[PDB]
Amino acid sequence: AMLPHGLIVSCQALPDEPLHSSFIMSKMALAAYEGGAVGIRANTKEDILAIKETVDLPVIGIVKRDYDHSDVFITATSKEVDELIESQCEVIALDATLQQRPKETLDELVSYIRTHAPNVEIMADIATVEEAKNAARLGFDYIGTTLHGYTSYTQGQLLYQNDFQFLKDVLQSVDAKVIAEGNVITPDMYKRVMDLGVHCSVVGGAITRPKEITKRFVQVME
């Protein structure tokens, strides 16, 4: 397995966020590497290639792209997969909910990846326990929780709620490698999720989003 136990840093500034920049994301990933991260989440082929220039950490690649008439935006179709194959990231991740996709179904997209990029591992971005089970059924190499609370049917939910109850349920329903992702904001939460038995945790905003860290300081004053 490409991803060792440990901390993954997500370096995925989108257009219109302050640090949107292949170049800046390559230096964020260099910082995460120097601080002891064991991998990187990255978005778009161009950011993946920039990152692969500054670090040798295995990278988890997505392409975030909206399609009309679909709620699936994380590596929705084989178009995004083909970009990621050219990028040579070690792990291709994709929304592995069962919401309607623009083109291939999720089943078909998994088969597509195994067919055309047999050397790459796959990772399932999921929002629910049933989705996690289905991803295990599809043979995903890793199962992440980034979509928990970020779908229309999980509004309100936060990974940490009720002492990480959702994560507990996920770990008990599958035997696949489970990745805690989404609002892991303190070293203490990170410790907690590793204690609960996840393989890795992914941290984004608490490391690579100074706007969001800034807002957390400023709001104690409200």
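Residues numbered from 1 in each chain as written, not as in the entry; some residues may be left out. Heavy atoms only, no water.

For this deposition, the record names X-ray crystallography as the technique by which the model was determined and cites 1.95 Å as its resolution.

In the nomenclature of the PDB entry, the protein chain is known as Putative N-acetylmannosamine-6-phosphate 2-epimerase of Staphylococcus aureus subsp. aureus. Checking UniProt for the protein chain, the heading Function contains the comment "Converts N-acetylmannosamine-6-phosphate (ManNAc-6-P) to N-acetylglucosamine-6-phosphate (GlcNAc-6-P)." Of the protein chain, the UniProt comment under Pathway reads exactly: "Amino-sugar metabolism; N-acetylneuraminate degradation; D-fructose 6-phosphate from N-acetylneuraminate: step 3/5." (UniProt positions renumbered as here; feature names shortened; annotations may be inferred.)

A. Region of the structure containing the overall build of the protein chain. For the protein chain, the helix and strand inventory stands at nine helices and eight strands. Relative to its length of 222 residues, the protein chain is compact, with a C-alpha radius of gyration of 16 Å against a globular reference of 17 Å. Scored against the burial criterion, the 222 residues of the protein chain give a buried share of 50%. Nonlocal contacts in the protein chain, meaning residues at least 24 apart in sequence, comprise 59% of its contacts between residues at least 6 apart. On the protein chain, the mean spot of the 20 positive side-chain charges and the mean spot of the 32 negative ones are 2 Å from each other. (Helix = DSSP H or I, 4+ residues; strand = E, 2+ residues; numbered from the N terminus. Rg over C-alpha atoms; globule rule 2.2 N^0.38 Å. Buried < 20%, exposed > 50% of the residue type's maximum accessible area, 1.4 Å probe, protein only. Contact = heavy atoms within 4.5 Å. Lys, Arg positive; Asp, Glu negative; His and termini not counted. Charge placed at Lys NZ, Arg CZ, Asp CG, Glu CD.)

B. Main features of the pattern of salt bridges. In the structure shown here, the tally under the stated rule is 14 salt bridges. When the shortest N-O distance is used, the salt bridge between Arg65 and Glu83 registers 2.9 Å. Here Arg65 is found in the loop between β3 (59-62) and α3 (78-87), whereas its partner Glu83 is found in helix α3, with 18 residues between them in sequence. Judged by relative accessible area, which is 17%, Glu83 ranks as buried. Through salt bridges with shared partners, a single network forms among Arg41, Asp125 and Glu181. (Salt bridge = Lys/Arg side-chain N within 4 Å of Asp/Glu carboxyl O.)

C. Structural detail: the packing of helix α5 (residues 129-137) against helix α6 (residues 161-173). Look at α5 against α6: their axes get within 9 Å of each other, and the N-to-C directions meet at 30°. The angle between the axes of α5 and α6 places the two elements in the roughly parallel class. α5 and α6 meet at a crossing whose hand is right-handed. Residues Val129, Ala132 and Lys133 of α5 form the contact with α6, whose participating residues are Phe166, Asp169, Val170 and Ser173. (Axes fitted to C-alpha atoms, helices over the stretch in contact; angles between N-to-C directions. Parallel < 35°, antiparallel > 145°, perpendicular 65-115°, else oblique. Left-handed = near helix turned anticlockwise from the far one by under 90°.)

D. The arrangement of the side chain of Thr128 in detail. Summarising the element assignment, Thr128 is placed in the loop between β5 (121-125) and α5. A relative accessible area of 19% places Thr128 in the buried class. Looking at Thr128, its side chain comes within polar contact range of the main-chain nitrogen of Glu131, at 3.1 Å. The contacts of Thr128, once residues within four sequence positions are left out, are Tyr153, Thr154 and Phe166. (Polar contact = N/O pair within 3.5 Å; in protein donor to acceptor, adjacent residues only side chain to side chain.)

E. The arrangement of the pairing of β3 in detail. Residues of β3 alternate between two faces, with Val59 and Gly61 on one and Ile60 and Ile62 on the opposite face, all of them buried. Bridge count for strand β2 (residues 39-43) against β3 is four bridges, and the pairing is parallel. Counted as the bridge partner of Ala42 is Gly61 from β3. Handedness of the crossover joining β2 and β3 through helix α2 (residues 45-54) is recorded here as right-handed. Strand direction decides the pairing type here: β3 and strand β4 (residues 91-95), joined by two bridges, are parallel. (Pairing = 2+ DSSP bridges. Right-handed = clockwise from strand over helix to strand, strands pointing away.)

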